[PDB]
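Just below is one structure, and these are the notes that go with it.
There are 2 protein chains.
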Amino acid sequence: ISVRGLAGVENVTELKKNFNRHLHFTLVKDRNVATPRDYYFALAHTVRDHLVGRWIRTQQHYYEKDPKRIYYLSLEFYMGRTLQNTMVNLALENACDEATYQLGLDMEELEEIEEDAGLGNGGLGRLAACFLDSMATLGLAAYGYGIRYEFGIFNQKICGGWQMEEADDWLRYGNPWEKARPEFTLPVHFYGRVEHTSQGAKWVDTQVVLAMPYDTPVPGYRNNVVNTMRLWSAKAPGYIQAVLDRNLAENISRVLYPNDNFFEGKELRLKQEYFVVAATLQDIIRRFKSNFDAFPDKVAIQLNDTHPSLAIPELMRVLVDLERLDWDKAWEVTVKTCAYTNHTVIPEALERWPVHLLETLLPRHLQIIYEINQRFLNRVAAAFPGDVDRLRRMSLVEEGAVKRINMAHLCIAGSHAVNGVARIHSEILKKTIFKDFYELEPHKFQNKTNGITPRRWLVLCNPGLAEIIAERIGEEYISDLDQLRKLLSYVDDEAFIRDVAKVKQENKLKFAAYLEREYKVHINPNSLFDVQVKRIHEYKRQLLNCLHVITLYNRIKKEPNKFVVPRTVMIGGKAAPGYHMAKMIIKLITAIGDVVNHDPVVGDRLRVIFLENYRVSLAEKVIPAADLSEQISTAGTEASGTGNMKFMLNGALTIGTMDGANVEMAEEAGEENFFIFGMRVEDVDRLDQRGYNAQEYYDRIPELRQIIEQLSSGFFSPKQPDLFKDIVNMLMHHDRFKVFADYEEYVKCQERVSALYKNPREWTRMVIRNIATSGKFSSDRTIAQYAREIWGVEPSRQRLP
Amino acid sequence: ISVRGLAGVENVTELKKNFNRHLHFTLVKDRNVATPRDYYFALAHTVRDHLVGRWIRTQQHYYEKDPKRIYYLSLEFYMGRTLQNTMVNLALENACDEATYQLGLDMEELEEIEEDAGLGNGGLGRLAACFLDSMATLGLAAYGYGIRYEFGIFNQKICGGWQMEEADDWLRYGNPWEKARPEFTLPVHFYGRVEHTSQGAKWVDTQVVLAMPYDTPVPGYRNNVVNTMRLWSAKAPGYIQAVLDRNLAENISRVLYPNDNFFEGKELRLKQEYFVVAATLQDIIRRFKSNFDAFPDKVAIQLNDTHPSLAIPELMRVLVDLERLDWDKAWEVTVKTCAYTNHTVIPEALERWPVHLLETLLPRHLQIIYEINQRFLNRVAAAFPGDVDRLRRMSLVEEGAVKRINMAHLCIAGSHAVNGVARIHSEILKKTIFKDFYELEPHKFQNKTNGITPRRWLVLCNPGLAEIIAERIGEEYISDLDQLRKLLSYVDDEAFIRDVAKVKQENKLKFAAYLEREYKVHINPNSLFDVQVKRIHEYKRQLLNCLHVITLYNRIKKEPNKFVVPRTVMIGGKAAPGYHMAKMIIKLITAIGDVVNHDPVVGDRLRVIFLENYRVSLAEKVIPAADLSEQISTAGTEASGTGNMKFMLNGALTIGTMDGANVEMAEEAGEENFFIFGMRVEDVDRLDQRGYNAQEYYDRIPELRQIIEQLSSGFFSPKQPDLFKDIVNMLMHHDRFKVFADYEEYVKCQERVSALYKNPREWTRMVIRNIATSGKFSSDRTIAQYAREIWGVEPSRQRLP
Ligand SMILES: *Cc1c(COP(=O)(O)O)cnc(C)c1O
Ligand SMILES: *Cc1c(COP(=O)(O)O)cnc(C)c1O
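Top line first, the protein sequences correspond to chains A and A'. A prime marks a further copy of an entry chain. Going left to right, the first sequence walks through residues 13 to 249, 261 to 313, 325 to 835 as PDB author numbering numbers them. Going left to right, the second sequence walks through residues 13 to 249, 261 to 313, 325 to 835 as PDB author numbering numbers them.
Listed below in C-alpha cells is the structure:
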C-alpha cells in the first residue's frame with residue numbers, strides 16, 4: 013500500500029536497531045523471555061522517539077514566532093490507540109512494518125496489544141480528539157487541555173445478555189506516549205471563604221489539590237508539526264489515616280463519569296471541571312506573561339460544552355483578584371478570549387449547579403457569577419426595556435426549590451462566539467433554545483458543522499479504500515478531503531466499481547475473522563452488514579431498529595419460502611451505569627438474537643448480534659466493514675453526529691432521519707443517494723402540539739401490534755415473561771421519542787435498502803457517490819472555520835523543517 | 013581520588029553522549045529549559061544503562077548454573093540513594109565526574125537531587141539494605157523481597173522545636189532504578205473461609221489483592237554481579264464508588280508503619296505482612312518448578339524478624355492444600371527452608387496477633403498454626419514428660435483476655451536456624467528469652483553479629499578516608515575489610531597521623547557547610563563533634579545525653595573562667611508518631627539548645643543542635659564528620675546496633691555501655707581504645723532484683739538534683755514552666771531504663787573524652803587503632819557466615835565476564 017510510505021533500507025536498519033535497543037535497555041528483556049506485549053512496547057518506544065525532535069522544534073518555533081495560541085478545554089479526549097496513528101502521520105508505517113517483519117514479527121498483531129486511551133464517552137470526546145489531530149495538521153499553535161482519568165470509559169462486558177461494567181485500567185502496563193511533568197505541577201484551590209479587604213477580595217482558608225501535567229504529542233499529517241495535549245492528574249499537597268486520606272483529593276482525576284448526554288450534579292464532577300479550568304488557566308496566564327490589553331490577541335479559550343465553563347469566572351477571578359484589573363476591562367478581555375460550543379438541545383443534558391453547592395465549593399466564583407449576571411441582565415433591560423420575562427428567561431440564575439446557575443447561560447454571556455455543531459442545530463439555537471440571547475447579540479451565534487479526521491478515519495482504519503482512491507487521484511486528498519469529489523468521475527469506471535466492492539468485502543472478511551478470533555462469534559460474510567454503533571440512548575432509537583429486526587423475523591416466519599436479502603444486524607454501544615432503560619434495551623437486543631439466531635427456519639438469513647465494548651478501536655474495525663449505516667435518531671434530537679460521517683467516508687450507505695448532520699450529508703451527496711425516512715422536525719412539532727398517542731399506531735398497524743404482544747407476552751423472555759414490561763409501557767405511554775410514529779416509514783425504507791443491495795452494481799455506484807461527497811465532513815474543514823471565524827488565526831498546511 | 017576509578021577518554025565520551033541522548037529522548041528537554049533536576053535524571057538514566065547488561069547476564073547465569081537460591085524476606089529495605097552507590101560498584105565515579113564536569117555540571121550537586129529510598133525505620137531496615145549489597149558482592153543468587161511503600165519513613169520537620177510528620181513522597185519525580193513488571197503480577201487472598209472436602213481443605217470466598225512486582229538492580233562490588241530486589245505493590249483486581268473503593272485494597276502498600284521497636288497490632292500491618300509473604304512464596308514455588327524433596331536444597335527463606343513469619347504456615351498451606359504433600363513431609367521441607375533472625379528482647383516489640391483477627395483475615399493459616407502448635411508441643415511433651423509449665427511457656431498460643439499467637443514462637447518452631455544479631459544478644463536468647471526452645475533444640479540457635487557495608491559506609495560516604503587507607507594498603511580491603519588491620523602498623527607513622535586528622539577536619543568543614551547551606555545553622559568547626567543519631571527511644575537514652583549536656587552547661591556557669599574543650603553536641607533521629615515521650619524528648623533537646631545556644635557566657639564553647647530528618651543520606655554526611663560516637667543504651671537493651679559500627683569505620687571514638695555489638699567492638703580494638711562506662715547487664719539485673727529507686731540517685735548527687743529542678747521549675751520552658759513534668763516524673767518514678775543509675779559514670783567518662791581530645795596526637799592514634807580493627811563489622815563477614823552456617827552455600831568474590 014503506497015499511502016503507507018517508503019521502507020527505506022537505512023530507515024529499516026535504524027528502526028530494527030532501536031527496536032532491539034529498547035527491548036534490552038528500556039524493557040530489560042531478551043528474546044528468550046520477550047512476549048508480544050514486550051514487542052509492542054519496544055516498537056512503541058521506537059516510534060515515540062521519532063516524535064521528540066519535531067515535538068521540541070515545534071514548541072520552540074511557536075515561542076520564536078509568537079502566534080496567537082488556541083486552548084481547547086475539554087473534559088474528554090477520546091483518543092483511541094496511538095501507535096498506528098503516529099506511524100501514519102510520520103510516514104513510518106511501511107518501514108516499521110518491514111522492520112518488524114524482518115525481526116519475525118507481525119506488526120498488526122502488536123498493534124492489537126495497545127490499550128485505547130478511552131478518556132471520552134462518545135461524540136463530544138471524539139470530536140476533541142479529531143480536532144487535536146486537525147489543529148496539528150493545520151499548523152495551529154493549539155493546546156489540548158483536559159484531565160488524565162486513571163480510568164476512562166468502563167470496559168463493557170455482556171454477561172447473560174446484560175451489560176456489566178469493569179474498570180478500564182488503561183495505564184496498567186504504562187503509557188509510552190505521555191511525558192509526566194511533575195516539575196510543572198500547579199495548585200488548585202477548593203472550598204474556603206472570601207475576605208473583602210482594602211485591596212479587594214481574597215480567597216482564603218482553602219484546601220489544596222495539586223495538578224500534575226502529563227504531556228502527550230499530537231502529530232500533524234506529515235508536516236513535521238507536533239502539538240501538545242496536556243492532561244492534569246490530581247495529587248495531594261492519626262498519621263497513617265492522614266497518609267491514606269490523601270486518596271480523597273487524588274480521587275478527583277480517578278474516573279471519567281460515564282454519562283453521555285445526561286446531567287447528574289455530582290460534586291466530584293464539579294471539582295473535576297474546576298480542577299481542569301484552574302490549572303489550565305494558570306498555564307495560560309503564565310505563558311502569556313512570558325500587558326492584559328493584548329491578552330485576547332494572544333489567547334483563545336474554546337469551551338467544549340459547558341463542562342469547562344468555570345473558566346469564565348475563573349479568568350475574571352484571576353484578572354481582578356490577582357492581577358488587579360478593574361472589572362470592566364477584565365470582562366472585556368474575558369469575553370473576547372472565550373468561545374462556547376453547544377452540543378445538545380436535550381434539557382436533561384444542561385448543567386444547572388445548585389447555588390449552595392457552588393457557594394460551598396467555590397465561594398468566590400459564585401460571587402463573580404452573580405456580578406456577571408447583574409451586569410448582563412442590566413444590558414438586556416437596556417436593550418429591551420420593560421421586558422421582564424425575557425430577564426427571567428435570560429438570567430444565569432434559575433429560581434425554584436433549589437436555586438441553580440445555568441452554565442450555558444454563563445457561557446453565552448461570557449463568550450464572543452457561540453456555535454452549534456451542525457447547520458440544523460445551530461439554526462434552532464438561534465430560533466428556540468437561545469432565541470433571547472440571539473436577539474440581544476445576533477453576531478455571537480455561529481455554526482461549525484462537525485467533522486472527523488480523514489487520517490484515523492480513512493487512511494488508518496481503511497488502508498485498502500485509501501489505496502484505491504490514491505491510485506486514481508493521488509495522496510493530496512488525505513489533508514484536502516474535498517478532492518474526493520474527483521471520484522464522481524468514476525461512477526461508471528468498471529475498475530473502480532470492482533475495487534470499491536473488493537475493498538468492502540475484504541473489510542467484512544476481516545471483521546468476521548475478528549469476531550471469530552476474539553469472541554468465537556460466527557457471522558455470515560455474504561449478508562448485508564446492517565450496523566448501529568453509538569451510545570445506548572432512547573433518542574438514538576436502538577428500539578426502532580429492534581422493532582425492525584423483529585419485523586424481519588416475523589415476516590420470514592410468515593412466508594419462509596420468500597427470498598429476502600440475508601442480513602447480519604449489528605448493534606453496539608455502552609449504556610450509562612444506572613440508566614435502567616438503556617440497559618433493558620441492551621438486554622432486548624441480545625434477547626431478540628437468542629430467538630432469531632436459533633430459529634432453524636431463519637438459519638443464516640437473519641442474525642442479530644450485539645457488539646461488546648464498542649470503543650474507538652472497535653469503531654475502526656467495524657465501520658470499514660459496514661454496508662448499511664443506521665442513523666435513526668428522532669428528528670430534532672441528534673445535534674450533529676460524527677459516526678454517520680465515518681460510515682459515509684468508509685463505503686456504507688446511510689439509512690436515517692433528517693436530523694443533525696444527516697441533513698448536510700444528504701445535501702452533499704444528493705438525497706437520492708441517501709435512504710432518508712420518517713418525520714422531519716416540523717412533523718415532530720405538530721405531533722407534540724396535539725399530543726403523541728402511541729396507541730393510535732398500535733391500533734392501526736397489525737405488524738407492530740404483533741411485536742408489542744410478543745414482547746409483552748414473553749416471547750423474547752420465556753423464563754421471565756414480564757421481563758420487558760417497562761420497555762413496552764414506555765413505548766405505549768411514555769415515549770418522548772415517538773418510536774411508533776416512524777415505524778411504518780422505517781420498515782418501508784429498509785425494504786428499499788434490500789432492493790438496492792440485490793443489485794450489487796448499483797449499490798456500489800451509489801456508494802461511490804457517497805464517498806466522493808464526504809469531503810465536507812473532514813475535521814480539517816471544521817477547524818479551519820473555527821480558526822478564521824472564531825479564533826482569528828489563519829490555518830496552514832506548510833511543512834516545518 | 014584513586015579508589016573512584018579511571019576516567020577513560022572513550023568512556024567519558026560515551027557517557028556524555030548518552031547523557032545528552034537521555035536529556036533529549038527520555039526527558040524531552042533542551043539545555044535552554046533543563047534544570048539541575050533534569051540533569052540529575054539524565055545522569056541517573058545514563059548510569060542505570062550500565063547495570064542492564066550485567067543484570068540480565070547475572071540472572072541468566074543463575075538459571076544456567078542453578079545454585080541454591082536465597083530469599084531474604086523483609087518488610088523494610090532502608091536503601092538510601094542509588095546513584096553514587098551504582099557508580100562506585102561499577103567503577104564509574106571518576107568517569108561520570110569528568111563527563112559531567114566537561115558538560116559544565118557539578119556531579120555532587122546533582123547527587124543531592126536524589127530522594128532517599130527510605131523504606132525502613134532504622135537498624136533492621138538498613139541491615140537488609142547492607143545485606144543485599146554484600147550478598148551481591150559475595151556472588152550469592154540472593155533475592156531481596158519486600159513491599160514497595162508509596163510513602164516510606166515520614167520526612168521529619170522541626171517546628172517550634174517539635175517534630176512534625178510529612179508524607180515522604182519519594183516517587184513524586186519517579187524512580188529511575190526500578191523496573192515495573194506488571195506482567196508478573198500475582199493474586200493475594202484475604203478473608204474468606206475454609207472448605208474441608210474429600211480432597212482436603214480449600215480456601216474459598218476470599219477477596220483478592222493483586223501484587224505487582226517492581227525489580228531494582230543490586231550491584232556487587234566490581235564483580236559484574238547484579239542481583240535483584242523485588243518490591244510488591246498492591247493493585248485492585261454504585262459504579263463511581265466502586266472504582267473509588269479500589270483505593271482500599273491498594274492502601275495495603277501505601278505507607279511504611281513508622282514504629283521502631285514497638286508492636287501495634289493494626290490489621291493493615293498484618294495484611295502488609297501476608298501480602299509480601301504470599302506473593303513472594305508464589306514466586307519461589309514457581310521458580311523452583313522451572325520434586326519437593328529437593329526444595330530445601332534449592333531454596334532458603336530468611337525471615338528478617340517475625341514480620342514475614344506467615345511464610346511458615348503459608349509455605350505449609352501451599353505444599354499441603356495446593357501441592358498435596360502429606361503434612362509431615364511438608365513440615366520437614368518447611369523447617370529446612372526457613373531460618374529466623376531475632377532483633378530485640380524488648381517485650382513490646384514482639385508480635386502477638388489476636389487469634390480472632392487471624393481467624394477472620396486468614397482462616398486457613400490459623401488452622402495450620404494450631405496444627406503446627408499441637409505437634410510441636412507434642413514433641414516438647416515427649417522430650418520433657420510432665421513439664422506442664424514448659425508447655426504453657428513454649429506454646430505458640432498465648433492465653434489471656436484476648437487469645438493471641440506468638441509469632442516468634444511460630445518462627446522458632448518452623449525454622450532450622452534461629453539467630454541473634456550480636457554475641458551478647460544471641461547468648462541471652464539461649465539463656466533467657468528462648469531458654470526453653472534452646473533446651474529442646476540447642477542446634478537451632480546461632481549468632482550472626484551484624485555488619486555494615488564498607489562500600490556505602492566508607493568508600494561512598496568517606497572517599498577521603500578510603501583514599502589515604504588505599505594509599506598505604508591498596509584497594510583490596512574494600513571487599514576484604516579485615517585487611518584494615520594492616521593499619522595498626524601506622525599508629526606511629528607521622529604521615530598517616532597527619533592525614534587521618536586532615537580527612538576528619540575536611541569532613542567536619544563539609545558537614546558545617548551543609549548545615550549552613552540547607553538550614554542556615556552555624557556550628558563551630560573547632561569544637562568536638564559529639565553525635566548521637568538513631569531513632570528516638572527511651573532505651574537509647576537520649577535523655578542521659580541531655581542530662582550530660584545540661585551538666586556541661588551548669589559547670590560552665592559555675593566556673594566561667596575554667597577552660598573546657600569546646601563541643602557541638604548533635605542529636606538526631608525520628609520519634610514514632612504517637613509516642614508522646616519520644617516527642618517530648620525531642621522537644622527537651624531543642625529546649626536545652628534554646629537556653630544553652632543563647633547564653634553569652636557560654637558562647638561557642640557549647641552548642642546543642644537537633645539534626646532534622648535523620649535518614650540514610652544524612653547519616654552519610656554526619657557520621658564521617660563525627661569525633662565522638664554516642665552509643666549509650668542501657669546494658670541489655672540494644673541487641674546489636676549498626677550505627678556504632680559506622681562511626682568506628684569512619685574515624686570517631688566511641689563512648690558507650692557494654693551493650694550489643696559495643697562489646698565486640700571494644701574486644702576487637704581493645705577496651706583501652708573505647709570509652710566504656712556504666713552498668714553491665716549483671717549490674718542492671720541486681721538493681722532489678724532489689725528495685726530501681728531513682729530517688730536515691732537524686733538524693734545523693736547534687737549536680738543531678740540541680741538539673742531535675744531546672745527541668746521541673748521551668749528553667750528550660752519559661753513560657754510553660756510545667757512543660758517537662760512528664761519527663762521528670764518518668765525519670766523519678768517510672769524509668770525502666772535507669773537513666774540516673776549511669777549518670778555519674780557517664781559524666782566522668784565524658785570528662786576523659788575531653789581530656790584525650792585536648793591531645794590531638796593521642797586522639798588520632800586511638801582513632802587509627804579503631805579504624806584498623808573495625809573489619810569484623812563489615813556485612814560481607816556477616817553474610818558469609820549466614821551463607822555457610824545457615825543457608826548452606828559457599829560465598830565467592832569471583833568476577834563474572
Ligand atoms: C465517532 C464515535 C462516536 C459518535 O457516534 P454517533 O453515532 O455520532 O453518536 C461514539 N463513540 C465512538 C467510539 C466513536 O468513535
Ligand atoms: C545505621 C542506621 C540506623 C541504625 O542506628 P543505631 O544507632 O544502631 O540504632 C538507623 N537509622 C539510619 C538512618 C541508619 O543509617
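Backbone N, C-alpha and C define an ideal beta-carbon position, used for all residues, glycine too.
Using a CB distance below 8 Å, the part of the region 190-205 of chain A facing chain A' consists of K191, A192, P194 and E195, ordered along the chain. With respect to chain A, the C-beta atom of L267 (chain A') has a partner C-beta closer than 9 Å.
Residues of the region 272-300 of chain A' whose Cβ lies closer than 8 Å to any Cβ of chain A, in chain order: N274, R277, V278, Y280, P281, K289 and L291. Around the beta carbon of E702 (chain A'), 16 or more other beta carbons lie within 10 angstroms, which makes this residue buried. Of the residues assessed, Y157 (chain A') falls on the buried side of the cut-off, its CB having 16 or more other CB atoms within 10 angstroms. Look at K680 (chain A): its beta carbon is less than 8 Å from one of the heavy atoms in ligand 1. From the beta-carbon of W67 (chain A'), the residues of chain A found nearer than 7 Å are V40.
Rounded to whole angstroms, the Cβ separation of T602 (chain A') and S561 (chain A') is 4 Å, and the two are in contact under 8 Å. Partner residues in the beta bridge of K191 (chain A), as assigned by DSSP, are A:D227. In the DSSP assignment, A417 (chain A') is bridged to no other residue.
Rounded to whole angstroms, the separation of the alpha carbons of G748 (chain A') and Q754 (chain A') is 7 Å.
When DSSP states are grouped into helix, strand and coil, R242 (chain A') belongs to the strand group. By the rule that beta-carbons nearer than 9 Å mark a contact, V216 (chain A') does not touch chain A. Rounded to whole angstroms, the separation of the alpha carbons of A660 (chain A') and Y524 (chain A') is 22 Å. In terms of side-chain proximity, the C-beta atom of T676 (chain A') is found nearer than 8 Å to a non-hydrogen atom of ligand 2. Runs of the alpha helix (DSSP H) lying entirely within the region 34-120 of chain A and spanning at least 4 residues, in chain order: 48-77, 95-102 and 105-114.
For the C-beta of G612 (chain A'), the chain A residues within less than 9 Å are, from N- to C-terminus, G261 and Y262. Residue pairing from DSSP places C171 (chain A) in a beta bridge opposite A:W174. In the structure shown, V278 (chain A) falls within a strand segment according to DSSP collapsed to helix, strand and coil.
Uninterrupted beta strand (DSSP E) stretches at least 3 residues long and entirely within the region 703-762 of chain A' do not occur. Proximity of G130 (chain A) to chain A', defined by a Cβ-Cβ separation below 9 Å, is not satisfied.
Inclusion of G288 (chain A) and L391 (chain A) in the CB contact set at 9 Å is warranted, their separation being smaller than that value. Secondary structure note for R601 (chain A): it is in no alpha helix (DSSP H), and the uninterrupted beta strand (DSSP E) holding it is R601 to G606.
Assignment of beta-bridge partners to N481 (chain A) by DSSP yields A:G454. According to the DSSP assignment, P497 (chain A') belongs to the alpha helix (DSSP H) that extends over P497 to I507. Among the bridge pairs identified by DSSP, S812 (chain A') is matched with A':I486.
For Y404 (chain A'), no CB of chain A lies under 9 Å from its own CB, so it is not counted at the interface with that chain. Membership of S14 (chain A) in any beta strand (DSSP E) is not indicated, and neither H nor E is assigned to it by DSSP. When rounded, the separation of the alpha-carbon atoms in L586 (chain A) and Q784 (chain A) is 10 Å. For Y157 (chain A'), the enclosing beta strand (DSSP E) starts and ends at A154 to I159. Exclusion of the five residues before and after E273 (chain A) leaves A246 and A248 as the residues of its chain whose Cβ lies within less than 6 Å of its Cβ.
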